[PDB]
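Shown next, in structure tokens, is the structure this report addresses.
Basis: the model, the stated rules and, where named, an outside source; no laboratory instrument gave them. Cβ atoms come from the backbone with ideal geometry, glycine included; neighbour counts cover every protein chain shown.
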Amino acid sequence: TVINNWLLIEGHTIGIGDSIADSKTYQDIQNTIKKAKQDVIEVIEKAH
Amino acid sequence: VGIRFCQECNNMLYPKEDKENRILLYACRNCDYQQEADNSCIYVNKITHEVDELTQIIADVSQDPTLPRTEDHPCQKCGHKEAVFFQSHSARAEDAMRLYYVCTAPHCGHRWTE
Ligand SMILES: [Zn+2]
Ligand SMILES: [Zn+2]
């Protein structure tokens, strides 16, 4: 009861602003993905 | 190795022993046709059996639109650049990822494996 009636003051939500990252993070993620795909390609070449 | 057939009944020739001249004779069970063989080996069993598919690869696979193509591997015979390639495409192969190549130039059909 106490926490609910206090939460009536602070509030809570979830949204796109909470699910969106920053440009630097997007660059990091894309770099990591490209490196991983390149490494998989290298492994396939060595196997062939 | 192979199967050889009698010329009279056209049945399989089983090996029969000639206990007089110490020689091998192929004889059938339908008529009394005899023969002398050149293999001199009744039975052969290889358990490795790592057959190179270059005998079993058809040259007609070059017309497949779903196969990858490369131009960094020119054909040994006709020097054509583009050459289809694929993997072993064999079941009962314990482990294999080697590539196989077929030249895409018509009537060349060169099938190698670097
Ligand atoms: Zn016969
Ligand atoms: Zn060729």
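What to note about this one:
- Selected residue (only one of B:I57, B:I42 is away from ligand 1 (no atom under 16 Å from the Cβ), closer than 30 Å to B:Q7 by Cβ and either under 20 Å from the mean Cα position of the chain (by Cα) or not assigned by CATH to the domain that holds B:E8 (or both)): B:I42
- Residues satisfying the stated conditions in region B:86-105, i.e. more than 10 Å from every other protein chain (Cβ to nearest Cβ) and of a type in the set (K, R): B:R92
- Scanning region B:59-85 for residues that are touching a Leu at 6+ places or on another chain (Cβ under 6 Å) and within 14 Å of chain A (Cβ to nearest Cβ) gives a single hit, B:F85.
- Just one of the listed residues (A:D39, A:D28, A:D18, A:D22) is more than 14 Å from every other protein chain (Cβ to nearest Cβ), within 30 Å of B:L99 (Cβ to Cβ) and not basic (K, R), and it is A:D39.
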